[PDB]
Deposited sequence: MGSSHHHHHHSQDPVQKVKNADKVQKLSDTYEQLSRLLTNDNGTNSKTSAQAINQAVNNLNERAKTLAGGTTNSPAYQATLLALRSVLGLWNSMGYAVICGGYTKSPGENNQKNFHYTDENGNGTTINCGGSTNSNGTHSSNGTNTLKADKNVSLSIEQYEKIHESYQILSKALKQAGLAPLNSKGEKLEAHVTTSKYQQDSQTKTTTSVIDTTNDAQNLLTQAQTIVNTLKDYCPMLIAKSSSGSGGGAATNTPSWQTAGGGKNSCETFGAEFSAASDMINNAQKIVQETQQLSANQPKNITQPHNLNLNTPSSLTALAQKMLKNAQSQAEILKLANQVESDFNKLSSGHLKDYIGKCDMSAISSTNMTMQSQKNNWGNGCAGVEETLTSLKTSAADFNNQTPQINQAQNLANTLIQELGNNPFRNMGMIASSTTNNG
């Protein structure tokens, strides 16, 4: 009947309006946000240990580049080394070639740093834009340094946006750079439990599971965004003039009936993906990073210098536990609306 078709269409559209354009009420949103925050968390937890500044063309093109992190700010030197007596050396990691299972090039580190800074600044300056929203433009700042014949600081401007698609791309760059090139990690001088003190572990050796989980979080979050635009551009129209057999022809009614199913199947896959992203967060957060990624509140390395002596390296400082609960609290609201959704799909299956 007309009231039944109209009740189902309204339920789909009410849930679709929240799922697509909502923030705190949307598990699609909170899942995406979790993915983003999880990569920031990953980098904040173990980024400082990533060995960088191996040479790309030659050992005689000896380059360095320092990368700044602001907060209680810190700086990370790629290329150099620390001498026996404690002074800085311009010959260090740049004496050995950059590749898989060795060291990130300066070029690879500057992408992680750029991506991280865009992502960090976007989530603070403007939050994540809603998933159906086109996004809001915003300027990111990226502060680096080189050495001269004196040290030269340079802060770059990047015109970026806070739409999921862009922000997921930045996260993807961080995870895939680690996942694919597996740079070695710095050890303790004889701090997290995973940073050994003995030899020095390979990042994909230490964080293989975590990198895959972090990677899968992004792939699923992107899939959420694609099913959300499918959903957005697939809104069934309410039946008006119900008795009018010319206006409401069985053709454009079966069109609507299967337009409703596309709306429902997107919502299913989105909620399914969102629940996978939570499963993927548990994979990420329950190995080496269990006591680290979820919290925030003095650790060092020889390629690191702090403005003060505090800094927040070693633990995630990305509000992932807060976002995890928001994802759980939003997903149970949609998980109990399934009776309404299954009433509509069975009703739709008729036409």
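Unmodelled segments of the deposited chain, in sequence order: 1-48, 120-122, 201-202, 244-253, 361-362, 417-439.
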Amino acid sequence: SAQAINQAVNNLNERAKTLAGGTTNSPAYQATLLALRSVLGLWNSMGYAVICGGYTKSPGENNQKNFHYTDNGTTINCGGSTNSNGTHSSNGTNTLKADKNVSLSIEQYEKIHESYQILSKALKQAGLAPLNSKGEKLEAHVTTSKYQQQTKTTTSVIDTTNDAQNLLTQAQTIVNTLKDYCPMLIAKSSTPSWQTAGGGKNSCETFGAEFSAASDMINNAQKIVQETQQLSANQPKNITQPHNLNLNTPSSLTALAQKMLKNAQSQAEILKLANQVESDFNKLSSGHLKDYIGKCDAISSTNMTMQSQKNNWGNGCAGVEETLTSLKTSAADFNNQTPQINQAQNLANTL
From here on, numbers count along this sequence of modelled residues.
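A summary of the deposited B-factors shows that, of 220-228 and 243-251, the stretch with the larger mean C-alpha value is 243-251. Here the stretch with the larger average CA B-factor, out of 29-37 and 306-314, is 306-314. As recorded in the entry, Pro236 carries the highest CA temperature factor of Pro130, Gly92, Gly208, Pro236.
When all modelled residues of the chain are sorted by CA temperature factor, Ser326 is found within the middle third.
When all modelled residues of the chain are sorted by CA temperature factor, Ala257 is found within the highest third.
Ranked within its chain, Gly86 lands in the middle third, by CA B factor from the PDB record.
Split the chain's modelled residues into thirds by C-alpha temperature factor. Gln64 is in the middle one. Residue-level temperature factors show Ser285 in the lowest third of its chain, judged at the C-alpha atom.
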